[PDB]
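J.: Could you have a look at this structure, given as structure tokens, before my questions?
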Amino acid sequence: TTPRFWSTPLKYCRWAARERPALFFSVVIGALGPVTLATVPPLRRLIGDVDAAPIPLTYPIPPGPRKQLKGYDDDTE
Amino acid sequence: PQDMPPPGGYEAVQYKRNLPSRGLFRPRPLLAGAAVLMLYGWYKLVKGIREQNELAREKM
């Protein structure tokens, strides 16, 4: 009566959607996460939705030698 | 006299199962509705957490 996945793959999927809905659509939703990772991000870069730069979580020290400032000295105090 | 029925008889009463299907509880209109609510909410969330992240850049 109830089908067999490896004999009739499409026919099992209809029975499982109808007869085991919570179980079937659990595996469906779980697969959508792997799909959404694969699909939206490239399409986002196609439409020009650039990912935001990361926010600073430490003091942003610039690279290179020190600039040799002149100003705001003890005499100015 | 006695307690007798009206001359022409009483009219028929409703006795069969009535139970009429309403659109409010059919699955197709509800499935469509729940879906549009989650899609509108997911558009509103994707805008808010973007703004929240930008407010955090200013705070830092």
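Naming scheme: A, B, ... for chains in displayed order of the structure tokens; residues 1 onward per chain; ligands 1 onward as shown.
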Please provide as a PDB file with C-alpha atoms, in the first residue's frame all residues within 12 Å of residue 59 in chain B, with the sequence filter that same-chain residues fewer than 4 positions apart are discarded (counting only C-alpha atoms).

T.:
```pdb
ATOM      1  CA  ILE A  55      31.413  47.447  12.639  1.00  0.00           C
ATOM      2  CA  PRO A  56      34.589  48.208  14.728  1.00  0.00           C
ATOM      3  CA  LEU A  57      34.861  46.139  17.933  1.00  0.00           C
TER       4      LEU A  57
ATOM      5  CA  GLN B  52      20.216  48.558  13.909  1.00  0.00           C
ATOM      6  CA  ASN B  53      23.669  47.552  12.577  1.00  0.00           C
ATOM      7  CA  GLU B  54      24.190  51.107  11.187  1.00  0.00           C
ATOM      8  CA  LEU B  55      23.170  52.649  14.566  1.00  0.00           C
TER       9      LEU B  55
END
```

J.: Pull out every residue of chain B that has at least one atom within 8 Å of chain A, counting only C-alpha atoms, and report them as a ChimeraX atom specification.

T.: /B:53,56-57,60

J.: Taking N, CA and C atoms for each residue, export the selection above as a CSV table (one decimal), in the first residue's frame.

T.:
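For reference, result.csv as written:
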```csv
chain,number,residue,atom,x,y,z
B,53,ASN,N,22.2,47.7,12.8
B,53,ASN,CA,23.7,47.6,12.6
B,53,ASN,C,24.3,48.9,12.3
B,56,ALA,N,24.7,50.9,15.4
B,56,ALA,CA,25.8,50.4,16.1
B,56,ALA,C,27.2,50.9,15.6
B,57,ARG,N,27.3,51.1,14.3
B,57,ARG,CA,28.5,51.7,13.7
B,57,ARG,C,28.7,53.1,14.3
B,60,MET,N,29.7,53.0,18.0
B,60,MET,CA,31.1,52.6,18.2
B,60,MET,C,32.0,53.7,17.9
```

J.: Rounded to one decimal in Å, what is the spacing between CA of residue 50 in chain B and CA of residue 49 in chain A?

T.: 11.9 Å

J.: Can you tell me how far CA of residue 18 in chain A sits from CA of residue 35 in chain B, in Å to one decimal?

T.: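 Computing the Euclidean distance for CA of residue 18 in chain A and CA of residue 35 in chain B yields 19.8 Å.
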
J.: Just give me the gap between CA of residue 32 in chain A and CA of residue 48 in chain B in Å, one decimal is fine.

T.: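 Interatomic distance, CA of residue 32 in chain A to CA of residue 48 in chain B: 23.4 Å.
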